[PDB]
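No value in this document is a laboratory result; all are computed from the given coordinates. A quick note on method: Cβ atoms are made from the backbone with ideal geometry, for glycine too, and the neighbour counts reach across all protein chains shown.
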Amino acid sequence: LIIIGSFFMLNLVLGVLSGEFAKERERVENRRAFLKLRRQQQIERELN
Amino acid sequence: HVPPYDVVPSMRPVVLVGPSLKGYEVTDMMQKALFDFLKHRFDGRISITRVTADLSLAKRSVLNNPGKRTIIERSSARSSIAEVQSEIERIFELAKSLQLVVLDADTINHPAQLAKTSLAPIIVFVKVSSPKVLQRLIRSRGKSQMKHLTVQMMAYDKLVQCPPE
């Protein structure tokens, strides 16, 4: 009961959530936000 | 009737152009650091000279002798051309003695401004990767450069638009 109930479902929940987060990051809206962060840090490195 | 041969100094004077415009804090900071290194590391074989006056009026096919004497009271006799013309051969004199020389000209800001002249010197470029960096670097000086920030930017991208070659 514990192995199938507590541990197996914990395995599934982490897997499903991990897949959803992976797809979320690659949406067009999120990519632009990360790209802005990259360019700002490059400017800071160049300015430094 | 361009001659096949032109007279140039033995070894090239070193002219380094500021990223935007010389005579201001941000640009002057760029060359003096390089001025320090060339004097220290290469001491005893490099001579530094500053061209306070103009140097862009180096002409060779204008007239036989425009303003030969200062007593002519001519338009060019009392102008600044006489001193600029006299400064050309000083660079020649420094070249003949085997020591490399540099030019701290505070007026020339473009390669074509001093490319057709008889100097034909070595041109060094100091540039920032992006104008976004330059504008904040200017801001790091203080409020004094904010008045001249506008003219500071059009003077930058003009040099970038010049071909690298």
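Quick notes
- Close amide H pairs (under 5 Å, H built 1.01 Å from N) link B:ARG141 with no residue at least 5 positions away or on another chain.
- Using θ = phi - 60° and Karplus 6.51 cos²θ - 1.76 cosθ + 1.60, couplings along segment B:70-84 (whole Hz; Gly, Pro as x): 7, 9, 5, 6, 7, 4, 7, 5, 8, 7, 8, 5, 4, 6, 4
- Pairs from A:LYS23/B:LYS127; B:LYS96/B:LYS158; B:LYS39/B:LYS68; B:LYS59/B:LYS127; B:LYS32/B:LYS59 whose Cα-Cα separation, in the structure shown, is over 31 Å: A:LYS23/B:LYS127; B:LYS96/B:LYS158; B:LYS39/B:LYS68
- From phi via Karplus (6.51, -1.76, 1.60), per-residue ³J(HN,Hα) for segment A:3-12 in Hz, x at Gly/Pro: 5, 6, x, 8, 7, 5, 5, 5, 5, 5
- The packing ranking, built from the mean of other Cβ atoms within 10 Å per residue, places the peptides B:58-66, B:101-109, B:89-97 in the order B:101-109, B:89-97, B:58-66, highest first.
- 15 Å beta-carbon shell around A:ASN30, net charge (K/R +1, D/E -1): +3
- Near B:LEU103, the amide H atoms lying under 5 Å from its own belong to B:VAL14, B:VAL15, B:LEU16; only residues 5 or more places off or on other chains count, and H is placed 1.01 Å from N.
- In terms of its alpha-carbon gyration tensor, segment B:1-61 comes out oblate; a/c meets the 1.5 threshold, while b/c is at least as large as a/b.
- Added length on full extension, which subtracts the Cα-Cα distance from 0.36 nm per residue, B:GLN113 to B:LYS32: 27.0 nm
- The fewest-to-most ranking of B:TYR156, B:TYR5 by surrounding Cβ atoms within 10 Å reads B:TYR5, B:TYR156.
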